[PDB]
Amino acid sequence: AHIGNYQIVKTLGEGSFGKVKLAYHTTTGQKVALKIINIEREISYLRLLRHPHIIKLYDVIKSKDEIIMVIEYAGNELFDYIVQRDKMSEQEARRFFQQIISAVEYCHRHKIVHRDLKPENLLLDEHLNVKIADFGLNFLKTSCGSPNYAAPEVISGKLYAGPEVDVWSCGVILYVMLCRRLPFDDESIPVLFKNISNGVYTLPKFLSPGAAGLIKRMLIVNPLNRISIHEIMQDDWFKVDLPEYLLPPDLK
């Protein structure tokens, strides 16, 4: 029930952190997640991640028996929240999308080993802020990203890859958030990969020109023609009601 300054409440999952325990700080009442391991290198890399929309490490406690990571609490998943509601407004989707794009841009500027964005790593906290779980140590089910989010250049292997794969991922996420369905949908793997490689998908007509236009430039098969993260951040549609704290230093 007690560990350092924390009082254990219940167990939940937090994306790539797996099973964690919700705990309350014993003086401030702050909610926290405790990841108990019964690693050195993975902690150091996580300590480097300081963005408002990436899950933060607060502290590490040594139980001389177990290592306990004290990480940011986020008890919901973004896609759950999207599903458990009716079609959300373009402005709600953009709000979430801005937070994600900023976290991605941050990852690019610092030299952070690329992690395929997984739908299950997109968590939501109580402020309805996106919190990306970025951690890498379950694994008997799948060892790779969702095929539905994989870029043509990865799928074909025929090309090499870079930071433009994140633009493709983010383009699928943006499509999912606006349309409540996957752009590339197929039940059969080889069929799904054929549609992805050829860029075959439908843009619903209920979309605004701004939203449809941005998606269309993110879901470009040739990665050298794909819009960059930095240009996404200057897009007319993207920029609407954009909080300043999300901008990279050069755009502030």
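Residue positions are given as counts along the sequence shown, with the first one as 1.
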Do a third or more of the other compared PDB entries fail to give coordinates for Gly15?
yes
Of the other PDB entries compared that resolve residues on either side of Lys64, does at least a third omit it?
yes
Continuity check for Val83 and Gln84, given as deposited residues lacking coordinates between them
none
Can you count, per the entry, how many deposited residues between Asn38 and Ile39 come without coordinates? Answer none, 1 to 3, 4 to 9, or 10 or more.
10 or more
Comparing 92-100 with 157-165, which stretch shows the greater average C-alpha B-factor in the deposited entry?
157-165
Mean C-alpha B-factor higher for 57-65, or for 216-224?
57-65
Of the three thirds of its chain by CA temperature factor, lowest, middle or highest, which one includes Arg47?
highest
Could you tell me which third, lowest, middle or highest, the C-alpha B-factor of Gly75 occupies within its chain?
lowest
Name the third of the chain's ranked CA B-factors that contains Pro119, choosing lowest, middle or highest.
highest
Could you say whether, by C-alpha temperature factor, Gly136 belongs to the lowest, middle or highest third of its chain?
highest
Temperature factor at the Cα of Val113, chain-ranked in thirds, falls in the highest
